[PDB]
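Raw model11.cif, mmCIF, C-alpha atoms and all ligand atoms:
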```cif
data_start
loop_
_atom_site.label_atom_id
_atom_site.label_comp_id
_atom_site.auth_asym_id
_atom_site.auth_seq_id
_atom_site.Cartn_x
_atom_site.Cartn_y
_atom_site.Cartn_z
CA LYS A 1 -17.97 -27.55 -15.07
CA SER A 2 -16.29 -27.27 -11.63
CA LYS A 3 -12.87 -25.86 -12.56
CA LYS A 4 -9.56 -26.63 -10.81
CA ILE A 5 -7.90 -23.32 -9.87
CA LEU A 6 -4.40 -22.61 -8.52
CA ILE A 7 -3.94 -19.27 -6.75
CA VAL A 8 -0.42 -18.02 -6.04
CA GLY A 9 -0.73 -15.84 -2.93
CA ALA A 10 -2.96 -15.71 0.15
CA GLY A 11 -3.25 -11.88 0.31
CA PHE A 12 -6.38 -9.89 -0.61
CA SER A 13 -5.97 -10.67 -4.37
CA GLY A 14 -5.70 -14.45 -3.85
CA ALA A 15 -8.25 -14.71 -1.05
CA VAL A 16 -10.92 -12.58 -2.78
CA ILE A 17 -10.58 -14.26 -6.21
CA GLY A 18 -10.49 -17.64 -4.40
CA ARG A 19 -13.67 -17.04 -2.39
CA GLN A 20 -15.66 -15.69 -5.37
CA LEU A 21 -14.71 -18.76 -7.38
CA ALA A 22 -15.23 -21.20 -4.48
CA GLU A 23 -18.78 -19.93 -4.02
CA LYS A 24 -19.58 -20.89 -7.63
CA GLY A 25 -18.51 -24.48 -6.92
CA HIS A 26 -14.97 -24.35 -8.24
CA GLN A 27 -12.14 -26.18 -6.49
CA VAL A 28 -9.70 -23.47 -5.38
CA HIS A 29 -6.15 -24.26 -4.24
CA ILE A 30 -4.31 -21.36 -2.59
CA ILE A 31 -0.58 -21.53 -1.91
CA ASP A 32 1.76 -19.11 -0.13
CA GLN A 33 5.54 -19.23 0.38
CA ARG A 34 5.06 -17.46 3.74
CA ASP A 35 4.21 -19.38 6.92
CA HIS A 36 1.02 -17.30 7.19
CA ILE A 37 -1.90 -15.96 5.14
CA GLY A 38 -2.66 -12.28 4.54
CA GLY A 39 0.22 -11.20 2.30
CA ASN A 40 1.45 -7.69 3.14
CA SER A 41 -1.78 -6.87 5.00
CA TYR A 42 -0.92 -9.50 7.65
CA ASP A 43 -1.06 -8.56 11.31
CA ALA A 44 -0.34 -10.64 14.44
CA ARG A 45 -0.59 -10.18 18.19
CA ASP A 46 2.75 -9.57 19.87
CA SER A 47 3.07 -12.26 22.54
CA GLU A 48 4.69 -10.07 25.25
CA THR A 49 2.48 -7.01 24.76
CA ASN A 50 -0.68 -8.42 23.10
CA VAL A 51 -0.64 -5.48 20.68
CA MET A 52 -2.04 -6.14 17.23
CA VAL A 53 1.08 -5.43 15.12
CA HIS A 54 0.81 -4.60 11.40
CA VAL A 55 3.79 -6.71 10.39
CA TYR A 56 4.57 -5.13 7.00
CA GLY A 57 3.87 -1.53 8.10
CA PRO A 58 0.77 0.55 8.88
CA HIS A 59 -2.37 -0.61 7.10
CA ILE A 60 -5.26 1.86 7.24
CA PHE A 61 -8.47 0.88 5.47
CA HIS A 62 -10.17 3.55 3.41
CA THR A 63 -12.48 3.43 0.40
CA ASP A 64 -15.07 5.42 -1.55
CA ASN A 65 -16.30 2.14 -2.99
CA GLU A 66 -19.43 1.13 -1.11
CA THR A 67 -19.44 -2.41 -2.54
CA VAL A 68 -15.92 -2.96 -1.21
CA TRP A 69 -16.86 -1.49 2.16
CA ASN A 70 -19.86 -3.81 2.40
CA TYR A 71 -17.58 -6.73 1.49
CA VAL A 72 -15.10 -6.11 4.31
CA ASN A 73 -17.93 -5.68 6.87
CA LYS A 74 -19.14 -9.17 5.93
CA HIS A 75 -15.74 -10.51 7.01
CA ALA A 76 -14.87 -8.32 10.02
CA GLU A 77 -16.19 -5.86 12.54
CA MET A 78 -15.08 -2.53 11.13
CA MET A 79 -14.17 0.01 13.80
CA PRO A 80 -14.40 3.77 13.20
CA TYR A 81 -10.82 4.96 12.85
CA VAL A 82 -9.66 8.13 11.14
CA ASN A 83 -5.92 8.27 10.53
CA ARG A 84 -4.12 11.43 11.63
CA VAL A 85 -0.44 11.96 10.95
CA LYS A 86 2.11 14.17 12.66
CA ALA A 87 5.49 15.15 11.20
CA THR A 88 8.66 16.18 13.00
CA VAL A 89 10.98 18.57 11.18
CA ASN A 90 12.88 21.77 11.95
CA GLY A 91 12.72 20.88 15.67
CA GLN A 92 8.91 21.22 15.54
CA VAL A 93 5.87 18.88 15.31
CA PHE A 94 3.22 19.58 12.66
CA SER A 95 -0.04 18.20 11.33
CA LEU A 96 -0.03 16.43 7.98
CA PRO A 97 -1.21 16.97 5.34
CA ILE A 98 -0.30 20.67 5.16
CA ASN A 99 -3.35 22.51 6.51
CA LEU A 100 -4.30 25.80 8.21
CA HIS A 101 -2.68 24.71 11.49
CA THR A 102 0.53 23.58 9.72
CA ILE A 103 0.71 26.98 8.05
CA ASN A 104 -0.18 29.10 11.05
CA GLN A 105 2.34 27.12 13.09
CA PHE A 106 5.06 27.09 10.46
CA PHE A 107 5.02 30.86 9.95
CA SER A 108 4.09 31.79 13.54
CA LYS A 109 0.87 33.26 12.16
CA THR A 110 -2.85 33.32 12.85
CA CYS A 111 -4.27 33.34 9.31
CA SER A 112 -7.90 32.65 8.56
CA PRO A 113 -8.35 30.36 5.49
CA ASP A 114 -8.55 33.21 2.94
CA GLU A 115 -5.51 34.88 4.46
CA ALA A 116 -3.63 31.57 4.19
CA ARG A 117 -4.47 31.29 0.45
CA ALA A 118 -2.89 34.70 -0.06
CA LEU A 119 0.17 33.67 1.93
CA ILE A 120 0.65 30.48 -0.11
CA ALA A 121 0.21 32.53 -3.30
CA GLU A 122 2.78 35.14 -2.20
CA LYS A 123 5.06 32.29 -1.07
CA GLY A 124 4.80 30.28 -4.31
CA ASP A 125 7.75 30.86 -6.62
CA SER A 126 6.66 33.17 -9.41
CA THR A 127 9.28 32.12 -12.00
CA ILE A 128 9.48 28.80 -13.93
CA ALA A 129 6.95 29.32 -16.74
CA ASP A 130 6.37 25.62 -17.33
CA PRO A 131 7.59 23.50 -14.38
CA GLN A 132 9.23 20.33 -15.73
CA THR A 133 10.46 19.05 -12.37
CA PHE A 134 8.85 17.97 -9.08
CA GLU A 135 11.28 20.38 -7.34
CA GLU A 136 10.06 23.35 -9.40
CA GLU A 137 6.39 22.26 -9.30
CA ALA A 138 6.61 22.21 -5.51
CA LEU A 139 8.44 25.58 -5.46
CA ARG A 140 5.76 27.16 -7.69
CA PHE A 141 2.98 25.79 -5.47
CA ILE A 142 4.25 26.27 -1.88
CA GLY A 143 7.62 28.03 -2.18
CA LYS A 144 11.03 27.20 -0.72
CA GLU A 145 10.69 26.92 3.09
CA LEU A 146 7.80 24.42 2.80
CA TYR A 147 9.25 22.52 -0.15
CA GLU A 148 12.42 21.99 1.88
CA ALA A 149 10.73 21.40 5.24
CA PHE A 150 8.12 18.89 4.02
CA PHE A 151 8.97 17.57 0.52
CA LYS A 152 12.72 17.56 -0.33
CA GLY A 153 14.21 15.36 2.45
CA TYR A 154 11.19 13.05 2.42
CA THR A 155 11.60 12.35 -1.29
CA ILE A 156 15.37 11.71 -0.93
CA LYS A 157 14.76 9.24 1.92
CA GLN A 158 11.65 7.60 0.51
CA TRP A 159 12.67 7.32 -3.14
CA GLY A 160 16.47 7.59 -3.09
CA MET A 161 16.11 10.41 -5.60
CA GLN A 162 16.36 14.18 -5.80
CA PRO A 163 12.98 15.83 -6.49
CA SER A 164 14.79 17.49 -9.43
CA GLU A 165 15.14 13.99 -10.96
CA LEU A 166 11.36 13.45 -10.90
CA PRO A 167 8.83 14.94 -13.35
CA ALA A 168 6.27 17.68 -12.55
CA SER A 169 3.58 14.94 -12.95
CA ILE A 170 4.03 13.79 -9.32
CA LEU A 171 2.36 16.96 -7.95
CA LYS A 172 -0.82 17.66 -9.95
CA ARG A 173 -2.40 20.01 -7.37
CA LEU A 174 -1.43 22.51 -4.67
CA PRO A 175 -0.77 20.22 -1.62
CA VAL A 176 -2.50 22.43 1.00
CA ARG A 177 -5.95 22.25 2.62
CA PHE A 178 -7.25 25.63 3.75
CA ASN A 179 -8.99 24.56 6.97
CA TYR A 180 -8.33 22.77 10.27
CA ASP A 181 -9.50 19.29 9.08
CA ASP A 182 -6.62 16.95 9.80
CA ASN A 183 -8.03 13.69 8.52
CA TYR A 184 -5.25 12.32 6.34
CA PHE A 185 -7.63 10.58 3.92
CA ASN A 186 -10.64 12.05 2.14
CA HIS A 187 -12.35 8.68 1.47
CA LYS A 188 -15.99 8.24 2.49
CA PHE A 189 -15.47 4.95 4.37
CA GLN A 190 -12.63 4.64 6.86
CA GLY A 191 -12.14 1.89 9.38
CA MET A 192 -10.01 -0.72 11.06
CA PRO A 193 -10.86 -4.42 11.51
CA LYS A 194 -11.54 -5.02 15.18
CA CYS A 195 -9.62 -8.30 15.23
CA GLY A 196 -7.24 -7.39 12.40
CA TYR A 197 -6.74 -7.99 8.68
CA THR A 198 -5.51 -11.55 9.24
CA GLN A 199 -8.79 -12.60 10.87
CA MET A 200 -10.62 -10.73 8.11
CA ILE A 201 -8.77 -12.63 5.36
CA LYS A 202 -9.12 -15.89 7.32
CA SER A 203 -12.87 -15.39 7.15
CA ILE A 204 -12.64 -14.65 3.45
CA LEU A 205 -10.75 -17.95 3.05
CA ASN A 206 -13.28 -19.78 5.19
CA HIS A 207 -14.92 -21.98 2.53
CA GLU A 208 -15.19 -25.76 1.86
CA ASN A 209 -14.02 -25.21 -1.72
CA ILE A 210 -10.77 -23.51 -0.64
CA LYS A 211 -7.65 -25.44 0.38
CA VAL A 212 -4.78 -23.29 1.79
CA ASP A 213 -1.15 -24.56 1.74
CA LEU A 214 1.43 -22.41 3.52
CA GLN A 215 5.25 -22.41 3.38
CA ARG A 216 4.79 -23.46 -0.25
CA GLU A 217 6.53 -21.79 -3.17
CA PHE A 218 4.96 -21.89 -6.61
CA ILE A 219 6.62 -24.33 -9.03
CA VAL A 220 5.97 -23.65 -12.73
CA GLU A 221 5.43 -27.37 -13.51
CA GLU A 222 2.20 -27.51 -11.39
CA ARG A 223 0.52 -25.21 -13.94
CA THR A 224 -0.62 -28.22 -15.96
CA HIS A 225 -2.70 -29.70 -13.08
CA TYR A 226 -5.17 -26.79 -13.20
CA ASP A 227 -7.80 -25.18 -15.42
CA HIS A 228 -6.41 -21.69 -14.70
CA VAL A 229 -3.82 -19.92 -12.52
CA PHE A 230 -4.29 -16.59 -10.72
CA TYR A 231 -0.84 -15.25 -9.90
CA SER A 232 -0.26 -12.46 -7.38
CA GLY A 233 3.49 -13.07 -7.21
CA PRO A 234 6.15 -10.72 -8.67
CA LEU A 235 5.76 -10.65 -12.50
CA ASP A 236 9.52 -10.49 -13.18
CA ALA A 237 10.07 -13.38 -10.72
CA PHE A 238 7.62 -15.58 -12.61
CA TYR A 239 10.06 -15.17 -15.53
CA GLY A 240 13.08 -15.73 -13.28
CA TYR A 241 14.16 -12.09 -13.73
CA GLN A 242 15.46 -13.05 -17.19
CA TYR A 243 15.35 -9.43 -18.35
CA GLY A 244 16.40 -7.93 -15.01
CA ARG A 245 14.76 -6.89 -11.73
CA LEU A 246 11.86 -4.44 -11.62
CA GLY A 247 12.62 -1.30 -9.58
CA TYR A 248 11.40 -1.35 -5.99
CA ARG A 249 12.10 0.37 -2.70
CA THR A 250 12.38 -2.01 0.26
CA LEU A 251 11.54 -1.27 3.92
CA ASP A 252 13.39 -2.39 7.04
CA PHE A 253 11.34 -2.24 10.23
CA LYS A 254 13.29 -2.09 13.49
CA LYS A 255 11.00 -3.47 16.23
CA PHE A 256 11.24 -2.22 19.80
CA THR A 257 8.99 -2.32 22.85
CA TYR A 258 8.34 0.70 25.07
CA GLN A 259 6.66 0.65 28.50
CA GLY A 260 3.93 3.28 28.15
CA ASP A 261 3.52 5.37 25.39
CA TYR A 262 6.37 6.04 22.97
CA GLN A 263 4.97 8.83 20.73
CA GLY A 264 1.26 9.34 21.46
CA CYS A 265 0.04 8.79 17.88
CA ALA A 266 0.00 5.86 15.40
CA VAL A 267 2.36 7.47 12.89
CA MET A 268 5.00 10.18 13.16
CA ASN A 269 6.86 11.19 10.00
CA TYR A 270 10.44 12.48 10.13
CA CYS A 271 10.85 14.66 7.05
CA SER A 272 14.53 15.51 7.59
CA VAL A 273 17.49 13.77 5.93
CA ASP A 274 19.22 14.22 9.34
CA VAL A 275 16.83 11.50 10.57
CA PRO A 276 17.69 8.16 8.86
CA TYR A 277 14.32 6.52 9.48
CA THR A 278 11.34 7.81 7.59
CA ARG A 279 8.71 7.41 10.32
CA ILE A 280 7.91 5.68 13.59
CA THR A 281 4.69 3.79 13.97
CA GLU A 282 3.24 2.90 17.37
CA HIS A 283 0.92 0.02 16.60
CA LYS A 284 -1.35 0.15 19.67
CA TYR A 285 -2.70 3.45 18.29
CA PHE A 286 -4.36 1.55 15.43
CA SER A 287 -6.56 -0.15 18.05
CA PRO A 288 -7.94 2.66 20.27
CA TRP A 289 -10.66 0.32 21.57
CA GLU A 290 -7.86 -1.72 23.22
CA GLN A 291 -5.62 -0.69 26.18
CA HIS A 292 -1.96 -1.84 26.23
CA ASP A 293 0.71 -1.21 28.88
CA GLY A 294 3.61 -2.14 26.65
CA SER A 295 3.90 -0.79 23.17
CA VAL A 296 5.38 -2.25 20.02
CA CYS A 297 6.88 0.37 17.70
CA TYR A 298 8.65 0.27 14.33
CA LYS A 299 11.35 2.60 13.15
CA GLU A 300 10.99 2.43 9.38
CA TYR A 301 13.86 2.62 6.87
CA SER A 302 13.62 3.05 3.06
CA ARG A 303 16.21 1.45 0.84
CA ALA A 304 16.94 0.00 -2.60
CA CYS A 305 15.34 -3.44 -2.95
CA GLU A 306 18.30 -5.82 -3.28
CA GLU A 307 17.78 -9.48 -4.26
CA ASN A 308 16.80 -10.88 -0.84
CA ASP A 309 14.28 -8.14 0.01
CA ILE A 310 10.52 -7.95 0.20
CA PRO A 311 9.52 -5.55 -2.60
CA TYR A 312 7.35 -2.72 -1.26
CA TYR A 313 7.06 0.44 -3.35
CA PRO A 314 7.49 0.18 -7.17
CA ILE A 315 9.70 2.95 -8.65
CA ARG A 316 7.99 2.96 -12.10
CA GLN A 317 9.89 5.68 -14.00
CA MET A 318 10.94 5.50 -17.67
CA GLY A 319 13.57 2.72 -17.44
CA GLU A 320 11.40 0.56 -15.16
CA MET A 321 8.43 0.78 -17.56
CA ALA A 322 10.85 -0.03 -20.38
CA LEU A 323 11.87 -3.20 -18.51
CA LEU A 324 8.22 -3.99 -17.66
CA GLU A 325 7.25 -3.92 -21.37
CA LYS A 326 9.60 -6.88 -21.91
CA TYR A 327 7.76 -8.98 -19.30
CA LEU A 328 4.36 -7.71 -20.49
CA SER A 329 4.97 -9.00 -24.02
CA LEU A 330 6.09 -12.40 -22.65
CA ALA A 331 3.04 -12.49 -20.38
CA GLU A 332 0.47 -11.46 -23.02
CA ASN A 333 1.56 -14.62 -24.87
CA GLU A 334 0.53 -16.87 -21.95
CA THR A 335 -2.56 -19.09 -22.21
CA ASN A 336 -4.10 -20.18 -18.88
CA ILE A 337 -2.99 -17.59 -16.37
CA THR A 338 -3.97 -14.17 -15.03
CA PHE A 339 -1.49 -11.96 -13.21
CA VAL A 340 -3.16 -9.86 -10.50
CA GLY A 341 -2.27 -7.66 -7.54
CA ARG A 342 0.43 -5.20 -6.52
CA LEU A 343 3.24 -7.59 -7.56
CA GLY A 344 1.69 -9.40 -10.53
CA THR A 345 1.08 -6.03 -12.18
CA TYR A 346 3.85 -3.85 -10.72
CA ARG A 347 1.58 -1.14 -9.34
CA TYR A 348 1.02 0.24 -5.87
CA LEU A 349 -2.52 -0.71 -4.88
CA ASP A 350 -4.40 0.03 -1.71
CA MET A 351 -6.34 -2.75 0.04
CA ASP A 352 -9.73 -1.55 -1.15
CA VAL A 353 -8.52 -1.19 -4.74
CA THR A 354 -7.00 -4.68 -4.46
CA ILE A 355 -10.35 -6.22 -3.39
CA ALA A 356 -12.15 -4.21 -6.11
CA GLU A 357 -9.90 -5.55 -8.87
CA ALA A 358 -10.07 -9.02 -7.33
CA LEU A 359 -13.88 -9.07 -7.40
CA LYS A 360 -13.88 -7.87 -10.98
CA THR A 361 -11.20 -10.41 -11.99
CA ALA A 362 -13.33 -13.28 -10.67
CA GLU A 363 -16.45 -11.79 -12.29
CA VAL A 364 -14.58 -11.63 -15.61
CA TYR A 365 -13.35 -15.23 -15.24
CA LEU A 366 -16.79 -16.55 -14.31
CA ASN A 367 -18.36 -14.71 -17.27
CA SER A 368 -15.73 -16.25 -19.56
CA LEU A 369 -17.08 -19.71 -18.60
CA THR A 370 -20.81 -19.07 -19.11
CA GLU A 371 -20.04 -17.30 -22.37
CA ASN A 372 -17.33 -19.90 -23.25
CA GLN A 373 -14.64 -17.27 -23.98
CA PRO A 374 -10.87 -16.91 -23.29
CA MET A 375 -9.81 -15.47 -19.91
CA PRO A 376 -7.46 -12.45 -20.40
CA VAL A 377 -4.01 -12.37 -18.82
CA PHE A 378 -4.75 -8.88 -17.40
CA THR A 379 -8.14 -7.60 -16.24
CA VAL A 380 -6.77 -4.10 -15.61
CA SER A 381 -4.46 -1.94 -17.73
CA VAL A 382 -0.81 -2.18 -16.67
CA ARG A 383 1.17 0.18 -18.96
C1 LIG A 401 4.48 -0.27 3.25
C2 LIG A 401 3.04 -0.48 2.75
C3 LIG A 401 1.98 -0.01 3.55
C4 LIG A 401 0.66 -0.18 3.13
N1 LIG A 401 -0.41 0.32 3.91
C5 LIG A 401 -1.70 0.39 3.33
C6 LIG A 401 -2.72 1.14 3.92
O1 LIG A 401 -2.48 1.76 4.95
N2 LIG A 401 -4.00 1.20 3.36
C7 LIG A 401 -4.27 0.49 2.17
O2 LIG A 401 -5.39 0.54 1.66
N3 LIG A 401 -3.27 -0.27 1.57
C8 LIG A 401 -1.97 -0.30 2.15
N4 LIG A 401 -0.95 -1.01 1.52
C9 LIG A 401 -1.31 -1.80 0.32
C10 LIG A 401 -1.59 -3.26 0.70
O3 LIG A 401 -0.43 -3.82 1.38
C11 LIG A 401 -1.91 -4.03 -0.58
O4 LIG A 401 -3.10 -3.50 -1.18
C12 LIG A 401 -2.09 -5.50 -0.35
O5 LIG A 401 -0.85 -6.00 0.18
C13 LIG A 401 -2.39 -6.21 -1.67
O6 LIG A 401 -2.29 -7.61 -1.46
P1 LIG A 401 -2.15 -8.69 -2.61
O7 LIG A 401 -2.97 -9.88 -2.25
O8 LIG A 401 -2.68 -8.06 -3.93
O9 LIG A 401 -0.56 -8.87 -2.75
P2 LIG A 401 0.39 -9.24 -1.45
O10 LIG A 401 -0.29 -8.64 -0.12
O11 LIG A 401 1.81 -8.86 -1.55
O12 LIG A 401 0.22 -10.80 -1.36
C14 LIG A 401 0.97 -11.69 -2.24
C15 LIG A 401 1.28 -13.03 -1.52
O13 LIG A 401 1.88 -13.86 -2.50
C16 LIG A 401 2.93 -14.62 -1.85
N5 LIG A 401 3.82 -15.07 -2.96
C17 LIG A 401 4.48 -14.30 -3.83
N6 LIG A 401 5.14 -15.06 -4.70
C18 LIG A 401 4.88 -16.33 -4.37
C19 LIG A 401 5.27 -17.56 -4.89
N7 LIG A 401 6.08 -17.62 -5.95
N8 LIG A 401 4.81 -18.68 -4.31
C20 LIG A 401 4.00 -18.64 -3.24
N9 LIG A 401 3.62 -17.49 -2.72
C21 LIG A 401 4.04 -16.33 -3.27
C22 LIG A 401 3.55 -13.65 -0.87
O14 LIG A 401 4.15 -14.43 0.16
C23 LIG A 401 2.31 -12.86 -0.40
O15 LIG A 401 1.76 -13.40 0.80
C24 LIG A 401 0.39 -0.83 1.90
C25 LIG A 401 1.46 -1.30 1.10
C26 LIG A 401 2.78 -1.12 1.52
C27 LIG A 401 3.93 -1.65 0.64
#
```
Take the structure in the file and give it back as structure tokens.
Ligand SMILES: Cc1cc2nc3c(=O)[nH]c(=O)nc-3n(C[C@H](O)[C@H](O)[C@H](O)COP(=O)(O)OP(=O)(O)OC[C@H]3O[C@@H](n4cnc5c(N)ncnc54)[C@H](O)[C@@H]3O)c2cc1C
Amino acid sequence: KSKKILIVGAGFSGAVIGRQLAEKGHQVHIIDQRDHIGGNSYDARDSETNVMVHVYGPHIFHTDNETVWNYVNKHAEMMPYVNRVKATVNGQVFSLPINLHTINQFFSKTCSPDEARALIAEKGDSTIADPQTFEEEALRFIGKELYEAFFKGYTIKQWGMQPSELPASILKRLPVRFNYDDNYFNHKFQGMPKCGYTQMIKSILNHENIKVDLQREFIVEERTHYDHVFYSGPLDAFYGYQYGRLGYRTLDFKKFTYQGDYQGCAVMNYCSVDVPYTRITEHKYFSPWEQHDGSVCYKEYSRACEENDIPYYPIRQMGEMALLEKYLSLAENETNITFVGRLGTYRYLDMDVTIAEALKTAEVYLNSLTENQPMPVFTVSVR
């Protein structure tokens, strides 16, 4: 039986479920409230500069999942790109994550790796028996100068919270690498789509069995015209925020164009509270195989997600999870729908993890047909 599917969202979740289902002969209808596909992974070429701009902030592709890597290479030319981050703080510029250079530079030293391990040990705060706080976990690990330089002000700006208000759980391991490797990400596969994520997702959507409708908001009544709905929209929004809004940080991006080269790297973090933006991204650096005279940059600002804002980073502490549980027990009562994705499940997910879950979701749904069985509302655990 060729099933009639509605998908709410044209991001990775929607596109990847859609395409898997379309290929098995189902009639997939994808809608998006935005005037463009891609969801938050969307990029577009600035008309004045011709720079590929990542519209909703830097998107760097990285995965240890070979299946997912193979999948993206089917839909794009993946360019070798290894993300490297600088941070400005204390009137100095450092490598991130904290590594041997960061240390040697920070302390005006020349430590070998083993010498640096001793320094971090004799810099770690030897007091709080059982650290209960992110502040004290950090202090135990790296000590005061580094906690303050690299962690304190960044948390306050990014989360609108004191690190003393967060649990020790946030920092499981010593955040230092005892060599000169300055790759930000440890993933096996790391690349950048030559022609961008939007072209990649356009290719993913490129199937006879998929109809895309843009500038179209979901309306609950439509539900009855379909065999099943896959919903990648905000879970609380689906229920009209009847219990209250789920906690999110929003981001404002202030766009500006520079002639030449504004910062000389893709991403520069500003760890200080004395800098109101959190980082500056210079988009042309995500495409090193291109040359651009002009440069589009974003100053990035973190903020509480008020009602009109794009939700970005989920807060997810005790009271948020408490409020989620209310939606979850409404949702787990629903009959012909599956909530997926960063918003439908209130988790932060990377692109590769999105595609992974999206492939599995479709696999689960397809199986449920052959084996004539009910399709679950969640294919991944949410609590
Ligand atoms: C600031 C930031 C930076 C990121 N950078 C990286 C990175 O560098 N590397 C990485 O791996 N991942 C990155 N990500 C994660 C990446 O953005 C997500 O994995 C990806 O967006 C997941 O897409 P999705 O399809 O699951 O959901 P989304 O991309 O949010 O797509 C959902 C779509 O649904 C639409 N929609 C919602 N509600 C409705 C409705 N009611 N009706 C119609 N349409 C609706 C929205 O318009 C949207 O287009 C980043 C995330 C953030 C917040």
Would you list the residues that come within 6 Å of ligand LIG 401 (chain A)? Count only C-alpha atoms and all ligand atoms and give the answer as a ChimeraX atom specification. /A:8-14,31-34,38-41,57-62,216-218,232-234,312-313,341-342,349-352,354
Mind running stretch 215-247 of chain A against stretch 361-378 of chain A at 10 Å and telling me each contacting residue's nearest atom pair with the distance in Å (one decimal), counting all atoms listed in the file, chain and number ascending, as CSV?
```
residue,atom,partner,partner_atom,distance
A:228,CA,A:375,CA,8.8
A:229,CA,A:377,CA,9.8
A:230,CA,A:377,CA,9.1
A:231,CA,A:377,CA,9.9
```
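Proximity to residue A:319 was assessed for A:331, A:340, A:246, A:68 counting only C-alpha atoms; the smallest distance is recorded for A:246.
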Stretch 276-282 of chain A environment, 7 Å, only C-alpha atoms, sequence neighbours closer than 3 positions dropped, as an mmCIF file with C-alpha atoms, in the frame of the given file:
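What follows is the written file part-v1.cif:
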```cif
data_model
loop_
_atom_site.group_PDB
_atom_site.id
_atom_site.type_symbol
_atom_site.label_atom_id
_atom_site.label_comp_id
_atom_site.auth_asym_id
_atom_site.auth_seq_id
_atom_site.Cartn_x
_atom_site.Cartn_y
_atom_site.Cartn_z
ATOM 1 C CA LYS A 157 14.760 9.240 1.920
ATOM 2 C CA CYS A 265 0.040 8.790 17.880
ATOM 3 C CA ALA A 266 0.000 5.860 15.400
ATOM 4 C CA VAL A 267 2.360 7.470 12.890
ATOM 5 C CA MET A 268 5.000 10.180 13.160
ATOM 6 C CA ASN A 269 6.860 11.190 10.000
ATOM 7 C CA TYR A 270 10.440 12.480 10.130
ATOM 8 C CA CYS A 271 10.850 14.660 7.050
ATOM 9 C CA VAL A 273 17.490 13.770 5.930
ATOM 10 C CA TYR A 285 -2.700 3.450 18.290
ATOM 11 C CA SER A 295 3.900 -0.790 23.170
ATOM 12 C CA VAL A 296 5.380 -2.250 20.020
ATOM 13 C CA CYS A 297 6.880 0.370 17.700
ATOM 14 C CA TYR A 298 8.650 0.270 14.330
ATOM 15 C CA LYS A 299 11.350 2.600 13.150
ATOM 16 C CA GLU A 300 10.990 2.430 9.380
ATOM 17 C CA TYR A 301 13.860 2.620 6.870
ATOM 18 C CA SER A 302 13.620 3.050 3.060
#
```
Residues within 8 Å of residue A:211, please, as a ChimeraX atom specification. Count only C-alpha atoms; anything in the same chain fewer than 4 positions from it doesn't count. /A:28-30
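When all atoms listed in the file are used to compute distances to residue A:155, the closest of the residues A:207, A:383, A:272, A:325 turns out to be A:272.
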Quick one: everything within 8 Å of stretch 101-103 of chain A, counting only C-alpha atoms, minus sequence neighbours fewer than 4 positions away in the same chain. Send it as number ranges by chain. A: 94-96, 107, 109, 116, 179-180
What's the 12 Å shell around residue A:243, counting all atoms listed in the file, without same-chain residues fewer than 5 positions away, as number ranges by chain? A: 235-238, 320, 322-330
When you count all atoms listed in the file, which of these residues is closest to residue A:189: A:22, A:82, A:53, A:6? A:82
Repaired coordinates for stretch 226-233 of chain A (N, CA, C and O atoms) as a PDB file, keeping the file's coordinate frame:
```
ATOM      1  N   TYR A 226      -4.048 -27.686 -13.492  1.00  0.00           N
ATOM      2  CA  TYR A 226      -5.170 -26.790 -13.200  1.00  0.00           C
ATOM      3  C   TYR A 226      -5.820 -26.217 -14.440  1.00  0.00           C
ATOM      4  O   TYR A 226      -5.179 -26.094 -15.474  1.00  0.00           O
ATOM      5  N   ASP A 227      -7.094 -25.849 -14.323  1.00  0.00           N
ATOM      6  CA  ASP A 227      -7.800 -25.180 -15.420  1.00  0.00           C
ATOM      7  C   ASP A 227      -7.345 -23.739 -15.651  1.00  0.00           C
ATOM      8  O   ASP A 227      -7.412 -23.245 -16.772  1.00  0.00           O
ATOM      9  N   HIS A 228      -6.881 -23.075 -14.596  1.00  0.00           N
ATOM     10  CA  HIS A 228      -6.410 -21.690 -14.700  1.00  0.00           C
ATOM     11  C   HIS A 228      -5.569 -21.328 -13.474  1.00  0.00           C
ATOM     12  O   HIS A 228      -5.810 -21.851 -12.383  1.00  0.00           O
ATOM     13  N   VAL A 229      -4.586 -20.443 -13.652  1.00  0.00           N
ATOM     14  CA  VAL A 229      -3.820 -19.920 -12.520  1.00  0.00           C
ATOM     15  C   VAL A 229      -4.053 -18.414 -12.329  1.00  0.00           C
ATOM     16  O   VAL A 229      -4.034 -17.642 -13.306  1.00  0.00           O
ATOM     17  N   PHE A 230      -4.316 -18.006 -11.085  1.00  0.00           N
ATOM     18  CA  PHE A 230      -4.290 -16.590 -10.720  1.00  0.00           C
ATOM     19  C   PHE A 230      -3.017 -16.322  -9.921  1.00  0.00           C
ATOM     20  O   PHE A 230      -2.791 -16.908  -8.854  1.00  0.00           O
ATOM     21  N   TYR A 231      -2.175 -15.447 -10.452  1.00  0.00           N
ATOM     22  CA  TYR A 231      -0.840 -15.250  -9.900  1.00  0.00           C
ATOM     23  C   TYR A 231      -0.626 -13.837  -9.358  1.00  0.00           C
ATOM     24  O   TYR A 231      -0.646 -12.845 -10.108  1.00  0.00           O
ATOM     25  N   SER A 232      -0.446 -13.746  -8.047  1.00  0.00           N
ATOM     26  CA  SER A 232      -0.260 -12.460  -7.380  1.00  0.00           C
ATOM     27  C   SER A 232       1.192 -12.301  -6.924  1.00  0.00           C
ATOM     28  O   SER A 232       1.517 -11.434  -6.099  1.00  0.00           O
ATOM     29  N   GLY A 233       2.059 -13.159  -7.459  1.00  0.00           N
ATOM     30  CA  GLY A 233       3.490 -13.070  -7.210  1.00  0.00           C
ATOM     31  C   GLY A 233       4.157 -12.084  -8.159  1.00  0.00           C
ATOM     32  O   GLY A 233       3.558 -11.704  -9.174  1.00  0.00           O
TER      33      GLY A 233
END
```
